[PDB]
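Single chain ahead, written as structure tokens, the form deposited in one PDB entry.
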């Protein structure tokens, strides 16, 4: 007893056991199958033409025979389109990527209780809460092939997967210290590469790794990163102090996007604060509110600029 979905690009079929897994209070594998078919039909207009109209309206998720018939209609339509193409690798759309990440998460995180997350943002609600904000952050910073991206404390790795599917950075890294999310990230990585292949979608190179971003190895790695993403909201003063020290080695124009600012937005350099990280970085509050309909969130863009410190010395020497 199983259900199979043929890949639109000839990759290995997606195979689901029956009874289908139940993901959470609202989602299940049955709806993932239906939504997957709907996304492939949107992607391939010829595919939408070949299928019978009722198939994606008249279905019973609690019936094996009904789910099997739905899968068979999609599979036969895929076969017809593959025959049509016989006779004569792009980036995913935002909507498809949200679906892919959800699919990757549900196939990877089978024990939801394991991830100690009673916070307003948690991996299980990534698509609902966080996805649109990360999509807004990606649009704002405009990364190129010259950039190296690092998410410090990447958890299960969804921010890294999203940025990698959207930009052309040389490489994207996710570093996670905690055992439970770092182990889940290994499955997330495998499931992401697999599903992206299944849809025939392109992503940049990325690595999800286990490690402490405050270690000696990571000092030089942070120094050579051009774009850092860091959710520092829950960080203690010591971690925050250690991080500012890592940032002090970054190159001019290096950028840090965080959930809480590392320096005051109105920092004014003087003789008593020359030690502060504000002496070497611009800070701006960015908000999706400035057609947004999500939570009234803000994020902070820090840019390495030692001319702040240089101008203060110039103004002292040349009044």
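Positions refer to the first chain, counted from 1. If you superpose the two forms and keep the largest set of C-alpha atoms that fall within 1.5 Å, you have the rigid core.
Separately, the form deposited in another entry exists; it is not shown, and the next lines address it.
A.B. asks: Core aligned, which of 128, 145, 79, 245 has the Cα that shifts 2 angstroms or more between this form and the one not shown?
C.D. replies: Between the two forms, the residue that moves is 128.
A.B. asks: Core aligned, does the CA of residue 117 move at least 2 Å between this form and the one not shown?
C.D. replies: Passes the 2 Å threshold, so yes.
A.B. asks: Which way does the C-alpha gap of residue 119 and residue 213 go in the other form, closer or farther, given it changes by 3 angstroms or more?
C.D. replies: Distance between the C-alphas of residue 119 and residue 213: shorter in the other form, by 3 Å or more.
A.B. asks: With a C-alpha distance change of 3 Å or more, do residue 121 and residue 159 lie closer or farther in the other form?
C.D. replies: Farther apart, by at least 3 Å.
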